[PDB]
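Listed next as structure tokens is one chain, alone, in the form deposited in one PDB entry.
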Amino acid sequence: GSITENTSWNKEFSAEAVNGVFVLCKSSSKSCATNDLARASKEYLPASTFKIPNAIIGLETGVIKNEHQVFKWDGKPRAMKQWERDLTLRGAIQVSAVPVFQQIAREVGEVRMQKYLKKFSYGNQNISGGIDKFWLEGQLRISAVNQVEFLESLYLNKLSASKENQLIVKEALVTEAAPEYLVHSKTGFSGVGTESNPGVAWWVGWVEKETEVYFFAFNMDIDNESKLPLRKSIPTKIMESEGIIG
């Protein structure tokens, strides 16, 4: 397990006047590279990336029955029209249907939710702030490095959850599929934050390319929703210039 600083990559950040970090790890050499060692260890609210552990915990606790469970839309207004539908597990993840996962956390409960974030070594493991908000506005925080450790565990089925439930969540996280490579990933965006205290935007996941696997985690400060696409454009550019997905 090694990490090195690669201040080169900074060009793709500077080009777009973005402050953030990319962490990219090659599984076979167990070696990671980042543009910013300090920021890679800095902990931010997970925002919708929390839907990964939350989904796993919901399956393990039985709250989510199985891979085919449909979360039925009860008709009442949701903060996004995208969310105003019936949704599969993948559907609710792809669209980041927060209220689906707020109810899941509610049924998981504080005690099991804390037990699992400790077993998963997930961030600071602080779920203070309300059972259906701690990852959105409460005290939970996780690093880019911790994300890639967590994702590597999931990939290897080594989290303290059934392998079946880890496989279920992995397939729901597939976002791009090609003959030579598969991408599993999850976006996050906490909001634009306050004056002097921007929000955070995330892109985490891993790339299966030939016999190699690359785990990655991107975060950036964000005070303008206009800039959201940059959470994929900068890591994708980085990953292309490494020959991984381009």
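Heads up, when I say rigid core I mean the largest set of C-alphas that superpose within 1.5 Å between the two forms. Heads up: residue numbers just count along the shown sequence, starting at 1.
One more form of this protein, deposited in another entry, exists but is not displayed; see below.
In the overlay on the core between the shown form and the other one, a shift of 2 Å or more in CA position is seen for a single residue of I131, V174, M80, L156, which is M80.
In the core-superposed comparison between the shown form and the other one, the C-alpha atom of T211 has shifted by less than 2 angstroms. Relative to the superposed core, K30 shifts its CA atom by 2 Å or more between the shown form and the other one. Annotation for the pair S28/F215: C-alpha atoms approach each other in the other form, by 3 Å or more compared with this form. Distance between the C-alpha atoms of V148 and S29: shorter by at least 3 Å in the other form than in the displayed form.
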